[PDB]
Structure formats: C-alpha cells, structure tokens
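K.L.:
Sharing a structure with you now.
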Amino acid sequence: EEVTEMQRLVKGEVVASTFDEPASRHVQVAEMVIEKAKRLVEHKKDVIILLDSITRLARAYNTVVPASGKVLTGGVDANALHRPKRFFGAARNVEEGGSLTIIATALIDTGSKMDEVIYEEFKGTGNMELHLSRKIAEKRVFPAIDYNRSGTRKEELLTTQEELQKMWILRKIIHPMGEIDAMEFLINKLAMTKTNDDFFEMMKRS
Amino acid sequence: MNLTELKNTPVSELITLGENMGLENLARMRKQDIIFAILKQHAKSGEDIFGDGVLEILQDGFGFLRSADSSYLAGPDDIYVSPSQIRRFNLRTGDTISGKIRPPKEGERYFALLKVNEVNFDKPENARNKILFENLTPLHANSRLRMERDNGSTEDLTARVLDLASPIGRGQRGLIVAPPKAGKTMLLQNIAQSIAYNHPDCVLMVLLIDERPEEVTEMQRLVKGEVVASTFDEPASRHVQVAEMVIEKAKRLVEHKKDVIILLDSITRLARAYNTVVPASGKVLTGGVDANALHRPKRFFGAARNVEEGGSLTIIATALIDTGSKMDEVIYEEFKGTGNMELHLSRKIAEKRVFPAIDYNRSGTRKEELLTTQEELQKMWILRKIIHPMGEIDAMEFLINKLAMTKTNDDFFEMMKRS
Amino acid sequence: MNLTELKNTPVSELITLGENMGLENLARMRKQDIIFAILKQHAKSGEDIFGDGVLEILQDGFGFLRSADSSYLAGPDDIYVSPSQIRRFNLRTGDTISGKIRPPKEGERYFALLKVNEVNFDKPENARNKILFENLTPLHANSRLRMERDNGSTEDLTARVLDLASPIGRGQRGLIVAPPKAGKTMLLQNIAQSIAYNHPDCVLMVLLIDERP
Ligand SMILES: Nc1ncnc2c1ncn2[C@@H]1O[C@H](COP(=O)(O)OP(=O)(O)O)[C@@H](O)[C@H]1O
Ligand SMILES: Nc1ncnc2c1ncn2[C@@H]1O[C@H](COP(=O)(O)OP(=O)(O)O)[C@@H](O)[C@H]1O
Ligand SMILES: [Mg+2]
Ligand SMILES: [Mg+2]
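Chains as they are written, first to last, in the working numbering: chain P, 96 to 301; chain S, 176 to 594; chain D, -5 to 207.
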C-alpha cells in the first residue's frame, strides 16, 4: 500500500521492493537505481535519490553476501557493509557538470541489535544530519525535528551571506531551550509568518 | 448571551438557568465550571455569544481575557486569544477587549475570540494610535480631590480631618504609615466613599494583598467600583499576578485621558510577595530582602503621576510598621521619602479610642500650593502653627471637639481666627 | 538626518514622521525604539546620518555614546564605537563625540560610528593634546559668581541672602546641610536661575539621585 501512494504522489519514476520478495531482489533494485543514476550524471544531468531506508538496505546486503569468517556485533559482516557505503557514498557534486543527491533514512530505537550497529557505521558519513525525536512525535506536534541535533556541514555555499547569518542568530535562541519545546516555538512562529523571510525580520524585532 | 452578566448573576440563578437548558449536576460544581457548562450548551444551540475581559499576555505569546469578578484568576471560562490577534490588533497587557467569541473545538479547553469591536472602551483602530504611558511626561498634582462629604454624618470625622491633615489630588503618590490595629482598613473605606461620591467620574480601583476573605466581601459591597483581592491561602505567585494586572490596566486607562485611582493595601505585604517569587541574586540585605526584589514594587508604586497631556494615576498605599518583623521595617525604609504625601497614624492615639488616629504633626503633603487656593492654603498654615506646640496625643483630641461643633471645615477656619 | 534633534522632538512629531516614512505600530512602543525604527528606515534610503553622544568606555574595551536626553541610560539608539576608534583617537570616558554613523549591519543591534569630526566641541587633533585633569594644579576660588539678580522680585529674597551668608566663586566646593522638608529642592532652583542669568557662559549641570519623577 505504501508503494501505490508514493507512485500516485511523487512526480517521477518510483521503484520499490515489497517485503514478500526475497533478499536477492532488494539488492538488485538498489544496484539498478544507482547505476542508472550514475549514467545520467555523466550526461551533465541532476538526479535526486530518496532512499528509504538505508538500515533496511544493509539488511539485504548482509543476507546475500556470504560470511567471510569475521562477524561483528549484531551478526553483520564487515565486508557486508562495504557495499551500502559505496552506494551511499556515490552522492557528490560533479565539477564538470551535473550532480547526484542521495537522501536516506536511518532506523534507530527499533529494538533490534542489528539495526543500531548499522547506524554506527553511517554516523559521520553524511554531510547533512536530520534527527527526528520520538518524544516530539508522541506530542502530536509535527514535523518532529530535533533542531539542535539536526544540521548541515558547509552551509556557506548553499545560502547567501545575509540568509546564512540569519540562521546563526536563530540557533542562538533555540539552543538554550529544550528540544521538546524548541519545535513548538518554531511552529507558532512560522504559523503567523507567511514566508521564512518574514520570520527572519520578526526574530530581529525582539 | 453575554459573559459579562453571567458572572454578575448569583449562583442560585445560574443553577435555575442551567436546569431549563438540559444541564444536570451543577450545584456541586464551582461557579466557573457552571459558566463554562452553560456557555457550552448555549454555544451548540447556534446563537452568538459575546465576551469581555482583561488581556494577560503570557511569555509564550498567547494571552487570556481575565475577569475582574474572579479577581483576575485563571479559570476554565477565560477567553483564549491567539498571537495573530495581537499582531493584527497591537495589544498590550491590561487592555480591555470585548467582542464575539466562538465555541471551543475538540482539542482545546478554552473559548477563542472571533472578532474585536471594543478596545479599552474605544474603537480598535483608535486604540492603536494611543501614546504609551512611559512616554507621557509626569507633573505635580493640580486639581484637588475633595474629601469632605456633605451627606457625611458628624459621627465620623475622618473625611474632614484628611482635608486638614493632607489634601490629595489627581496623580498623587501618597503613602499611609500605620501600626497594626490602628484603623487603616476602614480608613481607606472613608476615602473610597469620598472619591466615589465627590468624583464619580474617576475610576476607583481597590487592591488587597494577603487579606482575609471576610475583608474582601465588605470592600466589594461598600466600594463603588471594581475591587480585586488575593486571600492569604493563595500562593505568593498569585499576589504578584494580581498587582501586575491592576497596574497594567490602570496605565492603559491613563493613555485614554482617563483618571484612575488605586487604593493599594498593603505595600509592605506586596513587597513580601515579590521577595519570595524573585530568585536570590547573591546579595542579601538586612531582613533577607534582596535589593533587586524591592525594585519591582518601587516601579509599581512610582507609576503614580499626573500626565501633562491628560489623565492622571493616583496610588495610595498603606505601610505596616511596628509589626514585630524585621523584614517589614526594612521595606518601609526604602519607601520613606518616595512619596509626596505622608499620612502617619499613631498607635497610642488609637488605643485611646479617639478616631481618626492621625498624627497631625508628622502627616503632611508636599507642594500643596497647587491643590488648595490662596486663602485655603494659608488658613492651614495658621492651624499648624497652633497644633505643633501641643502634643500629638492631644492634638487629635483638640481637632475632634473643634470639628464636632463646626458643620463644615470652612466654619472651622473662621472659628480659629476668632481666638 | 541628525540624532540630536530627533530626541528633542516630542513623541507626537515622531509618530507623524514615522508614518509618512512607511512605518506602522509606533505609538505603542517606547521613544527609544521609535528613534531606532525611524533611523533604520532612513538608513536604508541612502542619505547620510549624523549622531552625537557622550562616550562611556566599558571594561571590555568598546564604548557607547550615551545621550543626555535619556539621562545617560543605555538604549537601542546608542552609538557603538569599536576599540579601534579609541586607539586612533585617544579618548576617555565622558568625551563628547559627534560625527557620521553607519547603519547597523546584520548580527549587530547598535549603530556604529563612521568618522569623528568633533571631540569635546573641538577638532579631534587638538583634543589629543589636552592636559589631563589630574595634572592640573588646584587653587582657591578667585572670581565670585554673583547671586543677586536685578530682575528678581522682592517676593523671594533667597538669592540676596546667599550673597550675605556665603558668597560662591568658580571652583568652589560648597556643601549644603539641611533637614528634610527645609526647602532645599527649590533652594538649588534659585541658584540655577542666578547662575544661568548672571553667568550664561558657565556650563550648568544638575544631578539628581533617587528623585521623584
Ligand atoms: N473612624 C473611626 N471611627 C470609629 N472607630 C474606628 C475608626 N477607625 C478605626 N476604628 C476602630 O478600629 C477597629 C478596626 O481597626 P482595623 O481597621 O482593623 O485596623 P487594622 O486594619 O490596622 O487592623 C474597629 O473596631 C473600630 O472601632
Ligand atoms: N524661598 C522660599 N519661598 C517660599 N517658600 C519656600 C521657599 N523655600 C522653601 N519654601 C517652602 O518649602 C516647601 C518645599 O520644600 P522642599 O524644597 O520640598 O524641601 P525638601 O527638598 O527638603 O523636601 C514649599 O511648600 C515652599 O512653600
Ligand atoms: Mg486591616
Ligand atoms: Mg526635595
């Protein structure tokens, strides 16, 4: 059911693998997408991949890849995680032309030992971090985003000089307060502002 | 239909009103819950519901419309206003907002304001252009508030003595100093009656801090104006909240060229609440009162002034002395020369069963030339010339017999010149 | 254009001035905030903005230009001066600085001083060579400050009595001893009027501590 709504909503081609399909199918789909994405990049074209989820993808690679004699914590082989890292690490900005953007979701606090060890290997491998808080979600306040923990690296290039420094003062007043009420503070402030630009000038007012 | 009259109606009428609307089990609930239940049942009928209250902006951003009937106490019937209304309608704390309200939808427990059609008893558009109270230039009192009542019986001469002791005008910042059980509670009652009778136009507000529940009821039944109070059982955080609400409301009325009189009781008790709520800053003075703790009451007390542009704010407070507490006397030291009017009551006069127990020699007012006329002012000077030599205990007794035989203070003046 | 006259203008004129410039919701704000809002809107127009104030060097190193209108109270409209200006222009606390100011760039909430063209009502170069007050040799008062006013009415003889009681001269360090409610408040008023009238050249400063509004 999740696949059908994604196809009907996303304005682009969507591929998926149901749970009933074997593990060898999940790796095949992942390999096909990344290879197709790389070819488009070679033609000076921008391709964006919304991977979901990196934790589940590593499970498929662990099952299909035979054991090499070395077993880490949780039963994940070291060589097993090599393939997802290469797939995930393919995202880059090409100087010659084009780009490849990969966004993946990592599952934590799922109650499985195998899931948390995978997240450890993918901790500092991404230049952008977006952490969602469970306790914020249960408060029925959305989006449940941990503003203090979430962030991006080397954001000077993305934003302008004025816009970048406007975010710094915003983080200066969100850091002291708790993360549970930090999102609630932004929700009401963004509700009364039509655009983010109007939100910036409102913060400077007080 | 309107929330204003529902609170004024007694509980017995509310029970009868609720029963015919289909409600049950209302007698055992609080009055605030009855109002909420009645409004909820009437809300689903379809008829529009109005409301009124005093805005209280919280630190989060959203405010509430407290009611003076409940002494500005938070309750289920309080009207909730989103920050959007504060944006479109520039409003501050203490503003009076009256307008239509909507029933609370599921997921909220407070009524919401639909539209605003009356701000501070004025059109909302005009209220946005009112000058802030701080920007107003203070001035000395000019017009005197007469304290002598023609209908007043000769049994109580307190009103007449106040005129001879220390006249009061609009914007005055007088302070009352009196030991416990010196008759200060009913001293303000005589002032409240005189202000209500002689000057019905002036807005009279009575503020009571840590007062007994029985004292509150008699003040409301006697004072011809809205009276707010906080009982001793209520926490310290409630006492400061009531004081902040009154002063903010008073300032807004001043901005509309309106005269408001506040009878604070008592400044000593008010400073106790501020000392408790304000965290210690590392510096402790004598008696355990922090220096920053007393900053807030001084700003509240010092707000009394006469506005050159228009309107006035008169604050009269009672200071407790000789109460046996070290913390009480140090507070009075900070408020010694901060008032332009001094009214000292003597304990030894009170125990002699002679009232009003006013120390004429110590009591007085500063810059009384503007309040009184040229003839009246100099008539008081000769009176003080013959009261100063005699003792303060017999000074009041001298005035009591002299004022008893004179119908009005004017007749008393000519009698003194006779001898 | 210049911050000096904006503070002198009443609040009513400031509201009218702000409205025609496109500002809204100014009546409910403080006078200091109105000045900052008016300057900010005028700053982005492009016209140069001047300023004046009294330097207050903090312990950190940077100072501010307080205004006598606000009784030297810290406010959003105070002009911020970096320690570099104190280096190039040797300045101390209490110096009067008047010059062009720049709009505050984002990340700062205070106006900054562009250039200095008047220090202590004098050229900045000449102010650097002034001898320090401590190095000056004190002396007894020589020239007497007359207290009797010809225009003064006979109703108030306070000015005349002061001449007979104790004459005052330039550099005098007199002290007044008086119990409360002895008429000391208006006693200084007679002195202030006499000094302003008889000696308009002398700079008169009145300092009040813990006084009623
Ligand atoms: N003007 C007055 N005339 C007659 N009695 C007075 C007067 N003022 C005070 N009293 C006496 O004072 C008593 C009440 O004092 P109270 O106001 O409670 O003092 P406090 O407020 O300091 O406790 C009453 O019993 C009353 O007899
Ligand atoms: N030169 C004077 N002529 C007439 N009245 C005076 C004079 N000096 C003082 N007073 C009287 O003193 C009173 C004000 O005293 P004030 O200056 O407030 O004393 P303090 O400053 O010690 O409180 C006024 O009511 C005024 O009548
Ligand atoms: Mg009492
Ligand atoms: Mg004085």
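We put the beta carbon where it would ideally sit given N, CA and C, even for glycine.
Expressed to the nearest angstrom, what Euclidean distance is found between the alpha-carbon atoms of residue 530/S and residue 183/S?
P.N.:
Spanning the two alpha carbons is a distance of roughly 36 Å.
K.L.:
Tell me which same chain residues have a C-beta within less than 6 Å of the C-beta of residue 112/D, skipping the five on either side of it?
P.N.:
92, listed in sequence order.
K.L.:
Can the beta-carbon of residue 542/S be found closer than 8 Å to that of residue 588/S?
P.N.:
No.
K.L.:
Nearer than 7 Å: is that true of the beta carbon of residue 174/D relative to any heavy atom of ligand 2?
P.N.:
For ligand 2, at least one heavy atom lies less than 7 Å from the Cβ of residue 174/D.
K.L.:
Could you confirm whether any beta carbon from chain S is found closer than 8 Å to the beta carbon of residue 21/D?
P.N.:
At least one chain S Cβ lies under 8 Å of residue 21/D.
K.L.:
Compare the C-beta of residue 258/S against all C-beta atoms of chain P and say whether one is closer than 8 Å.
P.N.:
Chain P, which has a Cβ nearer than 8 Å to the Cβ of residue 258/S, makes this yes.
K.L.:
Compare the Cα-Cα distances from residue 115/P to each of 136/P, 224/P and 155/P and report the closest residue.
P.N.:
Nearest option by C-alpha distance: 155/P.
K.L.:
Just by C-beta distance, which residues in the segment 88 to 103 of chain D are closer than 7 Å to chain P?
P.N.:
Those would be 100 and 101, in chain order.
K.L.:
Near residue 97/D, what residues of its chain come up, given a Cβ to Cβ distance below 6 Å and the 5 sequence neighbours on each side ignored?
P.N.:
Closer than 6 Å at the Cβ level, and outside the excluded window around residue 97/D, lie 37.
K.L.:
Buried or exposed for residue 274/P, please, with buried defined as at least 16 other CB atoms from any protein chain shown within 10 angstroms of its CB.
P.N.:
Per the 10 Å Cβ criterion, buried.
K.L.:
Using a strict less-than 7 Å threshold between each residue's beta carbon and the heavy atoms of ligand 4, what residues do you get?
P.N.:
In chain order, the hits are 178/D and 179/D.
K.L.:
May I ask whether a heavy atom of ligand 1 can be found less than 7 Å away from the beta carbon of residue 333/S?
P.N.:
Correct: residue 333/S has its Cβ closer than 7 Å to ligand 1.
K.L.:
If you draw a straight line from the alpha carbon of residue 183/D to that of residue 478/S, how long is it in whole angstroms?
P.N.:
Cα-Cα distance, rounded: 25 Å.
K.L.:
Between which two residues does the beta strand (DSSP E) harbouring residue 241/S extend?
P.N.:
238 to 241 is the extent of the beta strand (DSSP E) around residue 241/S.
K.L.:
Please report the distance separating the alpha-carbon of residue 559/S from that of residue 537/S.
P.N.:
Each residue's alpha carbon lies about 11 Å from the other.
K.L.:
Work out the CA separation of residue 337/S and residue 189/S for me, nearest whole Å.
P.N.:
Roughly 43 Å between the two C-alpha positions.
K.L.:
Please list the segments of the beta strand (DSSP E) lying wholly inside the segment 382 to 451 of chain S, counting only runs of 3 or more residues, in order along the chain.
P.N.:
Correct list: 402 to 406 and 434 to 440.
K.L.:
Out of 279/P, 292/P, 233/P and 239/P, point me to the one whose CA is closest to residue 257/P's CA.
P.N.:
Checking every option, the nearest Cα to that of residue 257/P belongs to 292/P.
K.L.:
Does ligand 1 have a heavy atom nearer than 7 Å to the CB of residue 531/S?
P.N.:
Yes, the Cβ of residue 531/S comes within 7 Å of a heavy atom of ligand 1.
K.L.:
With 8 Å as the threshold, decide whether the Cβ of residue 296/P is near any Cβ in chain D.
P.N.:
With 8 Å as the cut-off, residue 296/P does not count as an interface residue toward chain D.
K.L.:
How about residue 264/S and residue 229/S: do their beta carbons lie closer than 8 Å?
P.N.:
No, the pair does not count as a contact, with Cβ atoms beyond the cut-off.
K.L.:
Step through the CB atoms of chain D and report whether any lies within less than 8 Å of the CB of residue 531/S.
P.N.:
Not closer than 8 Å to any Cβ of chain D, the Cβ of residue 531/S fails to qualify, so no.
K.L.:
From the DSSP output, in three-state form, read off residue 287/S for me.
P.N.:
Note: residue 287/S maps to strand in three-state DSSP.
K.L.:
Counting only Cβ-Cβ distances shorter than 8 Å, please list the residues of the segment 238 to 271 of chain P near chain D, keeping chain order.
P.N.:
Cβ contacts with chain D: 257, 260, 261, 263 and 264.
K.L.:
Run through the segment 270 to 343 of chain S for me and flag every whole alpha helix (DSSP H) of 4 or more residues, listed as ranges in chain order.
P.N.:
Those alpha helix (DSSP H) runs which fall completely within the segment 270 to 343 of chain S and span 4+ residues are 299 to 302 and 333 to 340.
K.L.:
Is the distance from the Cβ of residue 269/S to the Cβ of residue 426/S below 8 Å?
P.N.:
Yes.
K.L.:
Determine the closest residue to residue 105/D out of 50/D, 44/D, 151/D and 177/D, with distance taken between C-alpha atoms.
P.N.:
Checked all of 50/D, 44/D, 151/D and 177/D; the closest Cα to residue 105/D is 44/D.
K.L.:
Grouping DSSP H, G and I as helix and E and B as strand, with all else coil, what is residue 44/D?
P.N.:
Strand, per DSSP.
K.L.:
At a threshold of 7 Å, does residue 541/S count as lining ligand 2 (C-beta to nearest heavy atom)?
P.N.:
Yes, the Cβ of residue 541/S comes within 7 Å of a heavy atom of ligand 2.
K.L.:
Would a check of beta-carbon distances place residue 287/P closer than 8 Å to chain B?
P.N.:
As a matter of chain content, chain B is missing from the structure shown, whose protein chains are P, S and D.
K.L.:
How would you call residue 329/S, buried or exposed, if buried means at least 16 neighbouring beta carbons within 10 angstroms?
P.N.:
It is exposed - the Cβ of residue 329/S has fewer than 16 other Cβ atoms within 10 Å.
K.L.:
Give the straight-line distance between the Cα atoms of residue 145/P and residue 204/P, rounded to the nearest whole angstrom.
P.N.:
So the two alpha carbons sit approximately 22 Å from each other.
K.L.:
For residue 310/S, collect the residues of the same chain with a Cβ closer than 6 Å to its Cβ; drop the 5 residues on either side in sequence, then sort them by chain order.
P.N.:
Cβ within range, chain order: n/a, list empty.
K.L.:
List, in chain order, every chain S residue whose beta-carbon is nearer than 9 Å to that of residue 283/P.
P.N.:
Here the neighbours are 235, 236, 237, 257 and 258.
K.L.:
From what residue to what residue does the alpha helix (DSSP H) around residue 480/S run?
P.N.:
Where residue 480/S is concerned, there is no enclosing alpha helix (DSSP H), although the beta strand (DSSP E) it sits in stretches over 480 to 482.
K.L.:
Take residue 252/S as the anchor and find which of 404/S, 476/S and 207/S has the nearest alpha-carbon.
P.N.:
The candidate whose alpha carbon is nearest that of residue 252/S is 207/S.
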